[PDB]
Structure formats: structure tokens, C-alpha cells
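Trainee: What follows is a structure written as C-alpha cells; I'll ask about it next.
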Amino acid sequence: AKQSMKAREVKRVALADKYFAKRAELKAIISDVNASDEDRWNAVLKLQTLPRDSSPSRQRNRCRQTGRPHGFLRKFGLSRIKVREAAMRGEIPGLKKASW
Amino acid sequence: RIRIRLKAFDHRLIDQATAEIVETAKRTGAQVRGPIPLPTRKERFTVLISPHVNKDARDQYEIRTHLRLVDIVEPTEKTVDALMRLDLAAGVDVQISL
Amino acid sequence: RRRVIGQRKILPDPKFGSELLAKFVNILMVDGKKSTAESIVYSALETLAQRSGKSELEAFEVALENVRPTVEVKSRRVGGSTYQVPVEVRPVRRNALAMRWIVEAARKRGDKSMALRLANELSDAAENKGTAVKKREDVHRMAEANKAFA
Amino acid sequence: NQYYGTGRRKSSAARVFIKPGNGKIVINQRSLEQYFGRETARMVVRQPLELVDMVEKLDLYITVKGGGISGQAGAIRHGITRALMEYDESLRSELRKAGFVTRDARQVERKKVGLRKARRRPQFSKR
Amino acid sequence: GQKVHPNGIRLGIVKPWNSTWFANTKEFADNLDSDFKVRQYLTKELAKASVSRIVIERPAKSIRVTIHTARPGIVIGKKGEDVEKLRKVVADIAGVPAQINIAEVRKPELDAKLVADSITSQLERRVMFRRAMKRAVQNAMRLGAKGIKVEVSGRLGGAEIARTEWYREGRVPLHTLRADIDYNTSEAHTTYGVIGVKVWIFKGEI
RNA sequence: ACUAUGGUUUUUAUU
RNA sequence: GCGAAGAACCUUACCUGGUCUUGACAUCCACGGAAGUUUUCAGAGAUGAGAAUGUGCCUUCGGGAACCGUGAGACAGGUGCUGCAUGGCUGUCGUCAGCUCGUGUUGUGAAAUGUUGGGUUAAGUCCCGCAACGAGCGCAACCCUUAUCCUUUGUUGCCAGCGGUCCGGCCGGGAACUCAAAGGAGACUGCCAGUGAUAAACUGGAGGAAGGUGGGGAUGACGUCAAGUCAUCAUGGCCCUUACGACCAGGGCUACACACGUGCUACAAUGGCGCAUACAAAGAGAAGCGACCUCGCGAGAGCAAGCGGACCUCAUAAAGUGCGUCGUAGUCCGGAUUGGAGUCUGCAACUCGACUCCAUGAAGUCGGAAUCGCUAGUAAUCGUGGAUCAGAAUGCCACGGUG
């Protein structure tokens, strides 16, 4: 694998912060003509339709020691192919061994 | 009026923390209900056994998350004022509710 | 090899009675529903007692007297010589082998109802009228000559 | 004289208690008529004990939880036979002719790595 | 078949984890990410200071990192108070205020990691390491070992040729889980290869 | 009682 | 369904067209700017041009750090070549009883002996007797799990006895039972009878909840194929440089003559249909799991409580039971390519994705030679959750009933 991901992360985390992560509940009022008489949504709709690159699609987070598409342990943040020297040596709290 | 929670990943460490709670909150006022053990949320944590070309075997680890409520009945905020200051060693989480 | 665990001794039943009747309600069990054979055990006999035998008390005795294997056949070799060889069967389970040959045919034949698929099989078994038994006998008859060895 | 015993089998857990009195049976605090089974009543508690007589001059109390309902009957039979096997020196060995005083130890055997469900050995089949 | 880690089988037996703290699973991944970062931030800040092991304690609004060394003097540093660079390096990355905590290693010439480091410092120079292996074995049986083993294997040139070298005394029971046996690997990272060394030390059962 | 055939060259340390 | 937990885009190796040259990305040595925000046109986009806007940190105010950008050479970079090349990682003989060495012995030496030979076993296991006598790795044991007895504390888990009580642990109370976790105890071939150089060691019995490495796991002795893997992670040398590098957009992977691997649903009638009716168990979960209740044939979409989880919610146990009904038929059962309208994520499902409702409808009558897998809660059989994840799996990982 290549070390190509940070050159995308640096533009795509901000793309998400500006055009995704704080734009989800907006969908429940942006198109409603009964919920507003003030003109407030037309202009931010024209802004929200500007980006065309990634956010929910074309972009996966990938592991940190290698940008592999899979093997990321969701509630731990580590790759299952770069964890054995820590896991075996008792470096993750609460995991026990051996035989059960 | 108020109640507490204690969490850990080990049976002997949560006892070693219970020994501090009874000494920190349950002597003045003197509180007599003993500690129930509660479920440990037993589960296997699993990953592929080898980093290359094997997907057939998995490495087995034992996970437990222990809970103690210890029980308090004195309504005063003074019941927890020292427990929110004293040890309580590293490896456990305490919580004050209501 | 030689070990192998010791083969089982089965059981009787406090309602179905004998070890063979307790086998009848447990053999050829498929889908595990375990309530189907207790309406088919000793329930095909009242018509058998007026088709291929007499009484509900002897209708199944005679079926396992007409279906009676006395010899098995198997290949045997000794170096560069091979024979089909006949061997006498052991008596203690002999009637349970005969039972199996009836209850399986009610499954392997699919004609009308299950209230017929066994009763229609038993009425030929109580007469030794099984499928293709002339060519079955033609093997044991051919193997008889090999009890004289080489 | 009064008798007591406990018993388990495949997620079923039972207890049985026995008193002198008139032949009455209670199961899960209600009279035996308020119970349902797909086979005939009072058999699994009587037939293993006709060597000393049962349920005619004795007052019964039974509790059962968990598992299949004919597995519950097995657990009750283990409980009531273990409750009374002390009644005579030979009764401990007369109950082994049926085998009900031996415990049915069935309770999910632990998984082997890398094998699917309990101990079942690997299969590679063709070639 | 198998052999996935020489210590992964034994290191739960009467041994607390190398990091101690609690976090709810919905808070845990960033709490663990920071736990690897405090090791990495230490290993970029502290070098040659005779450190064998470090242990992580993260109690409420606090972090403590036990540093085990043969030379407390070269970790505590200049005038016994050159600790602030070594204390504060973990504080901003862990998100909690940091304390300093040092420990002295019991029999450093009978500890497999520090014996390996003495050999690695001579493998990274390709001279005197074979003498250091021989002497580590001679001395361990007089320090308190019931057996000792070392190994260097593969290439070390120069020439393409492959060579193994050990020196060995007594016993090294790996599979006896009451053996209480010490094991460590070390690597030299040279312009002539990775150049690893393996060290085993046995002091006695229980 | 299944068995005839099968082209070339082949690896570790030494003063 | 191997390298690879999801093939619209993305992944992905490949192809094409654009474009960049000390390079997307690094150090070295120099020279400027904070990091960077806002906005319009052009371009498939990468970008190419403009127009607004910001001045954070440390400063002795000299300049600088992180960071951005641009250079002159050394160079950077490579899903390029190779594990007959190296570090690492695996596949396999192997839970088999094996592997190896010292001292004496034999031999002109390679080598032998020990490890043989008699008893015994799962066993290089123990004992005996030999020119052999000893020692270590593997074995066997230490670790871990389980049927059983004892013990500890009682909410969100339980209730025998005792007082009250539509007669619900609910309220006084309480661990006989259950649940929760832990710590102790029980089993040892010990006891007996036989068998056996009364040796070393088997067979059978009693008592027991449990009987003979206790039952079951963890394991993996040197070597072998001089095996695979550089594309899981590192890396040498050769090779590529206005590029074989890497920034993007459009295309490839269900492109077709058929074969080969592995699975799914049927061919039923102990089944199909109609109708009535019962019990879960384990898991996950706050722009969540979403009750009760609506709206839509229905996928779904709304309104709106409980609860941050032994609590509330997802949520409904199916098989079965029992009465009618059809009746081995290429159709009655079975469901593929259809005909029509709907449900949904997302930039977007025409082409490569899933779901639903109402008609239609092909194959399918247990399978070629041949060859593959086993043993009690196992095979078969029927219910549930969860991981991966913008969206989708009969796959993967767990729970339970009928057996």
C-alpha cells in the first residue's frame, strides 16, 4: 500500500465539517415552505449544492500505520494486522488471556 | 436522594476499589447494605490468528466489565464529597447520580 | 482400528414396550419433529391382519419372519486373489435389520399418502415380496460357491 | 418423615419437597390440575418410586424453570429420585438400574479454534 | 503449527496490564490512541538511559508513567531535577496533567532486555558483540540463572554468507507456564541489515 | 491382480 | 466468496485521455510568506487566472519554530523484477514418539552404541538386563474449562418457611431455591478381586453426580517441500525519470463458444392451502433502540412515552398444536428469465444494488462415471441477534427450541 491518504484527509475532513456533519437535520426544514416565511434556506441550498467530491461516498477513513481499506477495530481504532505485539503483551486494558 | 456506580475490567481490582468506597462513604453515616456482585458482561474479543493468508482461525481473548453499585441511603451531598476527592486507584471509573 | 468405542445396548420404552418398538419410533428420524411415528407405530396392522396376516398381535411378528436375512455378502482378498464371500449374520439384532428395510421404503417411495406408503409396503413384506429380490438372491447364490475358497 | 432434593438438565432447574399426608400434588404453587403436559399426569414422580409407594399417602411440592417442558419433567424426575434415594441402603443402586440418579450433564460444550460450533472436527473434503 | 507469540501465553498469569485505566466503549478508541502516543512520545524524547520497561497509570485527571532503569541517575538527569521535559512530554498529548515516577531495575545483568541492548550496541558496530554474548552467559550463572541462551542468525557482512551464534548454559523451559522465564528481542537497524538478537534467561520455577 | 513411462543442471564453512 | 469484511462512484491490479518534474511525498542547503479563510470565471477534473480577506506562537525585536510555497544539485517516488534473495508471516508431514549430545565401548573411516532386547502404553511411558552409563527438547505435568457439595451479598435478579394481601416479592421480612460472580471442597487407579518375570503393568467391580492421559482445550522437538508471500508490514540489487513516478476524469471486473471449484431453493403429499393458538434465549442501542397509535395492499413513512441500560425499546418465538380441505400431478407442488405500480441510500442505482404488492410463467419426477464427510446433543430441523457498511449479501460471527 501507498501513503497517499493524508493528502485527501486534510481536504476531506473540512469538506465534511462544512458540507456534511452539520447539514443532516437541515434537510428536515430547508425544503419546507410552511415552516418558514423568512427567506433563509434558498441561499444555503445554493451553497450546499456547491461540493461534488466525497463526504458519505468515495471516501473511507482507513488505518493509520497502513491505509488498508479493512481491518479497523471500530471501538478500539487499531488495525487487526498491526496490534499483536501490544495485545499479547497486555497493553490494552481489560483484555485477558489464556484459555477460556 | 443520591446514588453511586463503580466500573472496572477486573474482579480483584473492583474489590480493591470497593474497599475504598466503604471506607470513604459508608461509615459516617453508617450504611449497612452489603455489595451485590452483578453481571460481568462476558464476551469473546476476536481477531484473525495470523496477519497473512490465513482467515480460518481466530485468536481468543476474554473480556469482562464489572459493576458495583455498593448502595448508599444517606441523602446529603456530604456522602460523596470525599469520594470525589480520594483514591480510588487507576483502572476504575466512579459515577455520582441523582 | 480395534478401538473404536464399545457399541451401544439401546433401550425399551415405558409405553411403546420392547427394544425394537422403541427403535421403530426413533429410526429414520428426519427434520427432528419427533411426533410423526407415534401415529404410525402398530397402526398399519389392523388392515395387515386382513391382507397379509392375522391379528394385530401377530401382524408384525410375521413381517419380521418373512423378511429374515440369514447371510451377508462382502468382497474379501488375499494378495492377488479377490472373492465375493458369504457370512452368516448374528441373531441378536437380526430382526432390527429387517425392520429398517421396511420403514425406509415408505420414505424412498412417494405414492399417495403416508397413511398408505407404509401399509402398502408391509403387506408385501409379510409375504417376502420385496423389490428386485430375485437379483438380490442371485448374488448370494453366486457367492455360495466361494465358501469352497480358491 | 420429610424429604428434599434439587436437579438440573439442559437449561431446566427443579426442586422437590415431600411431606406425610393425603395424596396431593402442588407444582409451581398451584394444584396439579392447573398444569399442562402433552403426556399423562403424575407418572415421572411415581413410576421410579413404586418400590416404596408414591403420591397416595404423601403431600408433594414441586418447582421448575427453564428449558423444554419434557426436559423439565426429566429434571423433576432427577430431583425427586435424588430427594428419596436415602430412604434405603439399596435404593441408591435400584435407581441406577434406570439411571435417573446420574446427572444429565448437557450444557453447551465450549468452542474449538477455528472450528464452527463446539468440538466438530474440520472438513476439507475433495482432493 | 502455531507459535504466535512467546510471551502472549504467559503474560496474564499474576501480571496486571501494561496500561491501567477505565473508559466506556464509546470513549475508548481515542483513549487507547492516546495510550500508544504516550509510548511514542517517550521513545522520541528519552534515549540511551538504560530503560528496560515503562508502565501507564491514568487515574482521574492524572497520568503516571513508571520508568524502569538500571541507571536512575541518567533518567532523573542533571542535578536530580532535569525531569520536566520527561514529565510534560505526555501531558498535552494525554489531555491530563502529568507526574514523574522512576523505578530501579533488579539485577540489570540478569535482565534479558538490557543484556540484549548490551549486545545490540555492539551489533550496530559489528565488533566485540561475540565477546559480550560469551561474557553475558558466563556471568548470568554467577548472578542467579539456572540457565541462559542467546541467538544471532542469518547475514552479517560484507559477504553474503549466513551464520548463527549463541553461547548457552543450563535450561530454558519455554512451555512450562510456572517457569517464570524472561524473554526479549532487540534490533540494530544498520546499513547492513535489521540485525536482530534473541535472549532467554531462566532463574527458576515460581 | 490397477501401473508402463518420467529430457537438462541441482544446497550450507573457511584462512 | 485465496491475496481482499461488501464492485454504481469508491474498491482495483488493468486500459485511455488529460497533467506535473527536485516532483503527491522526504531530508540536506537556501529565500519569502503565519497555519490559512471568503468568492467568480474557465477546465471532465487535476488545475489555470483574478478579486476580496487573515496575521495565531516564541521574541531583546536580531529574527525564528510548527506549517505553506519556490528553488540549484545529491535525490525523492515505484500494486516495477525477485522470496532459487533477505527480515517478517504462513501452508504441510506432527499430539506422531520422535530429536540430539557427552563419557566409556566398536571400526583404518563414513559411522555405530545410547534410541537396542524382554514386559507395558496414548507414549523414547516405567521397569529389567546387556558395552554401555548418563543429560536436555518433544511426551507427561504446571495453565484453562466442566457435571457435583460448600460459602459470600441481595437491585434493575430470586421467595421455601412466617405475618398481612385479588391472593403480583406487592408490603413486613428471608437465602431453602434461582440469578449474578468468585473462593473453597470432590476423584486418586485410590480401594477391592483377578491377570502379569506377584517386577514394571492391564482388565473388571464397589461406592460415586462423575472412572481409568478423569472428560475437553491450550499446545506443536530438530529437520522436510531446499513450498507460498515483496500486492498485509519492512527491504537489497537491478530497472523506470518531464517517467513504468503521482494529481485527476472517463472506462474495464455479471465482457463469451463453454468447462472446473463451492453453495442456495425445490421435485412436496408424514406435504400444500384455510382457520385458531403457545413459550423464548442471547445480543445491540441518544440527530440512538423507538412503545402505544396512525397512514399507505406493502417495502416504508409519520406522531410520540420508556432508558443510557439485570431497568425500557428493538420484539413478534417458529417448528408444533388442532379442525376442515386438496390428492404424486412437469402440475396441485416449485419457483427462473417476466408484465405493471410502488419502498430506499446517495452526486447518482439506464448499465453493474436490495425490498414490496397483484396477475403470468420455464426448468425441476433426488440426480453421470466417480468420489467426499461421520458418531449425542453430533447429523438434520426451526426461531433471534450482531459485525462489515453512504446503499446491498442465502456469505461471516454468536444465542435458543425440536432432536
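Identifiers in this document derive from the order of the C-alpha cells: chains are assigned A, B, ..., residues are numbered from 1 separately in each chain, and ligands are numbered from 1 in order of occurrence.
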Please find the residues of chain D near chain G - the criterion being any atom within 8 Å, counting only C-alpha atoms (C1' of nucleotides) - and write them as JSON, numbers by chain.
Mentor: {"D": [15, 68, 101, 102, 103, 104, 105, 106, 112, 120, 123, 125, 126]}
Trainee: Give me a file of those residues, with N, CA and C atoms, as a PDB file, in the first residue's frame.
Mentor:
```pdb
ATOM      1  N   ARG D  15     -36.765 -28.178  41.874  1.00  0.00           N
ATOM      2  CA  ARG D  15     -36.718 -28.559  43.297  1.00  0.00           C
ATOM      3  C   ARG D  15     -37.980 -29.291  43.720  1.00  0.00           C
ATOM      4  N   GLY D  68     -36.891 -26.931  27.724  1.00  0.00           N
ATOM      5  CA  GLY D  68     -38.044 -27.584  27.128  1.00  0.00           C
ATOM      6  C   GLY D  68     -38.921 -28.287  28.169  1.00  0.00           C
ATOM      7  N   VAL D 101     -30.606 -41.202  38.757  1.00  0.00           N
ATOM      8  CA  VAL D 101     -29.803 -40.538  39.779  1.00  0.00           C
ATOM      9  C   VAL D 101     -28.460 -40.031  39.252  1.00  0.00           C
ATOM     10  N   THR D 102     -28.014 -40.471  38.080  1.00  0.00           N
ATOM     11  CA  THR D 102     -26.902 -39.875  37.335  1.00  0.00           C
ATOM     12  C   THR D 102     -27.380 -38.570  36.689  1.00  0.00           C
ATOM     13  N   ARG D 103     -26.573 -37.524  36.719  1.00  0.00           N
ATOM     14  CA  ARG D 103     -26.936 -36.201  36.201  1.00  0.00           C
ATOM     15  C   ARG D 103     -26.760 -36.109  34.675  1.00  0.00           C
ATOM     16  N   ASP D 104     -27.778 -35.622  33.960  1.00  0.00           N
ATOM     17  CA  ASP D 104     -27.688 -35.335  32.526  1.00  0.00           C
ATOM     18  C   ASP D 104     -26.920 -34.035  32.299  1.00  0.00           C
ATOM     19  N   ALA D 105     -25.604 -34.136  32.115  1.00  0.00           N
ATOM     20  CA  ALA D 105     -24.668 -33.030  32.173  1.00  0.00           C
ATOM     21  C   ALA D 105     -24.670 -32.098  30.931  1.00  0.00           C
ATOM     22  N   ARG D 106     -25.637 -32.250  30.038  1.00  0.00           N
ATOM     23  CA  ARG D 106     -25.780 -31.491  28.787  1.00  0.00           C
ATOM     24  C   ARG D 106     -25.962 -30.010  29.005  1.00  0.00           C
ATOM     25  N   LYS D 112     -14.047 -24.878  19.917  1.00  0.00           N
ATOM     26  CA  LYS D 112     -12.651 -25.067  19.494  1.00  0.00           C
ATOM     27  C   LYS D 112     -12.267 -24.105  18.364  1.00  0.00           C
ATOM     28  N   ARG D 120     -16.697 -30.211  16.811  1.00  0.00           N
ATOM     29  CA  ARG D 120     -16.787 -30.797  15.473  1.00  0.00           C
ATOM     30  C   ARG D 120     -15.537 -30.534  14.608  1.00  0.00           C
ATOM     31  N   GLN D 123     -13.314 -30.173   8.065  1.00  0.00           N
ATOM     32  CA  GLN D 123     -13.623 -30.920   6.865  1.00  0.00           C
ATOM     33  C   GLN D 123     -13.148 -30.186   5.600  1.00  0.00           C
ATOM     34  N   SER D 125     -12.682 -32.155   2.515  1.00  0.00           N
ATOM     35  CA  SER D 125     -13.401 -32.901   1.520  1.00  0.00           C
ATOM     36  C   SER D 125     -12.608 -33.196   0.238  1.00  0.00           C
ATOM     37  N   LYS D 126     -13.027 -32.746  -0.948  1.00  0.00           N
ATOM     38  CA  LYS D 126     -12.447 -33.214  -2.214  1.00  0.00           C
ATOM     39  C   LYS D 126     -10.971 -32.836  -2.422  1.00  0.00           C
TER      40      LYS D 126
END
```
Trainee: Write out as a list in words each polymer residue whose atoms come within 8 Å of range 39-45 of chain A, counting only C-alpha atoms (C1' of nucleotides); drop sequence neighbours fewer than 4 positions from it.
Mentor: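 Here the qualifying residues turn out to be residues 30, 31 and 49 of chain A.
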Trainee: Selected residues, N, CA and C atoms, written as a short mmCIF file (atom, residue, chain, number, x, y, z; two decimals), in the first residue's frame, please.
Mentor:
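Writing the result to selection_25.cif gives the following:
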```
data_model
loop_
_atom_site.label_atom_id
_atom_site.label_comp_id
_atom_site.auth_asym_id
_atom_site.auth_seq_id
_atom_site.Cartn_x
_atom_site.Cartn_y
_atom_site.Cartn_z
N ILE A 30 -35.10 22.75 5.39
CA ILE A 30 -34.59 23.50 4.23
C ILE A 30 -35.57 23.58 3.04
N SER A 31 -36.39 22.57 2.84
CA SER A 31 -37.35 22.49 1.73
C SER A 31 -38.80 22.77 2.17
N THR A 49 -25.17 22.73 -2.46
CA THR A 49 -25.04 22.09 -3.76
C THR A 49 -23.71 22.39 -4.49
#
```
Trainee: Return as a ChimeraX atom specification the residues belonging to chain E that are within 12 Å of chain F, counting only C-alpha atoms (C1' of nucleotides).
Mentor: /E:154,160-164
Trainee: For residue 296 in chain G, please output as a list in words all residues within 12 Å (counting only C-alpha atoms (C1' of nucleotides); exclusion window: fewer than 2 positions along the same chain).
Mentor: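 Contacts, in chain order: residues 294, 298, 299, 300, 301, 302, 342, 343, 356 and 357 of chain G.
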Trainee: For a quick test of understanding: name the residues of chain A lying within 8 Å of chain G when counting only C-alpha atoms (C1' of nucleotides), and present them as a PyMOL selection string.
Mentor: chain A and resi 1+4+7+24-25+52+56-59+69-71+81+98-100
Trainee: Could you please determine the separation between CA of residue 49 in chain B and CA of residue 182 in chain E in Å, to one decimal place?
Mentor: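 Separation between CA of residue 49 in chain B and CA of residue 182 in chain E: 23.9 Å.
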Trainee: With distances taken over only C-alpha atoms (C1' of nucleotides), which of B:25, B:36, B:30, B:2 is nearest to residue 181 in chain G?
Mentor: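 Using only C-alpha atoms (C1' of nucleotides), residue 181 in chain G sits closest to B:36.
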Trainee: Once you count only C-alpha atoms (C1' of nucleotides), which residues of chain E turn out to be within 8 Å of chain G? Could you give them as a ChimeraX atom specification?
Mentor: /E:1-2,171,176-178,193-194
Trainee: Quick check for you: according to DSSP on this backbone, which residues of chain A are classed as strand (DSSP E or B)? Reply as an MDAnalysis selection string.
Mentor: chainID A and resid 72 79 95:96
